[PDB]
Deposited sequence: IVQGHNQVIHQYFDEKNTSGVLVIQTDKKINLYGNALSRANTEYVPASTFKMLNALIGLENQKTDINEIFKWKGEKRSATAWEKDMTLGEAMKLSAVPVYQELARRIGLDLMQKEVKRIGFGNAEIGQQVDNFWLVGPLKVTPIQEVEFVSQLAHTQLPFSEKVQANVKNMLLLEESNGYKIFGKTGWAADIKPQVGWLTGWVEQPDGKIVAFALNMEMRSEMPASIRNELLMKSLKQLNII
């Protein structure tokens, strides 16, 4: 885990007047970029990035399936990108506290502590995770190396497609914990390059209420281009 060639990307974060880190994981190597590199090994609430693990747990334990319509009426996959209806809260209650805690410990996600409220522990605590831990988790998902069904991992990966450009596929999940102080913003995912190679990323930055949600994607894309990952 090493600071990368950071001269330019550091300035990208500086221009937004906030602190952020970008963690990049290729085969074996992790590199750190941004203007607040200590964030990479700092624990934060995962916020909506936990939807990835919620979905894996719910699908693996047959508490839902990819075709179920949650009463706008929505599937699990549509709810991955949009939060108009509380699908993942409902799924967490179906899973229940016992099974959720067992699965979170089996995966070893972050500090693996979910407390006693099964439907909000990922937003206000006590569950916390570092950006390095998030990039390792999503790298395992991208490579079908998590200890879940191969089909479940493929189904969750398919829910996470963000953009496709000139043969590159960008997968990922945003999160924003706006009700804690300081606010935390996430964009965690991976690039599938045209030849099949995977480069995983975790962007983590301090948010403020006036920022557009798209600031995370903007910083990510500019940085990935500067690093020649896309």
**Message:** List the gaps, meaning deposited-sequence segments with no CA coordinates, ordered along the sequence.
**Reply:** 72-83
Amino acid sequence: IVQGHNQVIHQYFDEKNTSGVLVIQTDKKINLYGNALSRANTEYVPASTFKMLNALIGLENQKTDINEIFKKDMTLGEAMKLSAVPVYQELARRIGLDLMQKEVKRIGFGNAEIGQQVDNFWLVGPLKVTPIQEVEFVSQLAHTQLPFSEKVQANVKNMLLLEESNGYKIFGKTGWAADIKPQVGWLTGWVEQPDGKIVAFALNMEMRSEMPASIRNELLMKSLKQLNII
From here on, numbers count along this sequence of modelled residues.
**Complete:** Taking the deposited Cα B-factors and averaging over 205-213 and over 6-14, the higher mean is found in 6-14
**Request:** Between 142-150 and 117-125, name whichever shows the higher mean Cα B factor according to the PDB entry.
**Result:** 117-125
**Prompt:** Highest Cα B-factor in the PDB entry belongs to which of 192, 65, 27, 43?
**Reply:** 27
**Prompt:** When you compare the CA B-factors of 170, 37, 59, 180 as listed in the entry, which one comes out on top?
**Reply:** 180
**Prompt:** Split the chain's modelled residues into thirds by Cα B-factor; is residue 136 in the lowest, middle or highest one?
**Reply:** lowest
**Asked** In terms of the CA temperature factor given in the entry, to which third of its chain does residue 83 belong: lowest, middle or highest?
**Response** highest
**Prompt:** Sorting the chain's CA B-factors, does residue 33 end up in the lowest, middle or highest third?
**Reply:** middle
**Complete:** Here the Cα B-factor of residue 94, set against its chain, lands in the third termed highest
**Prompt:** residue 156: which third of its chain by C-alpha temperature factor?
**Reply:** lowest
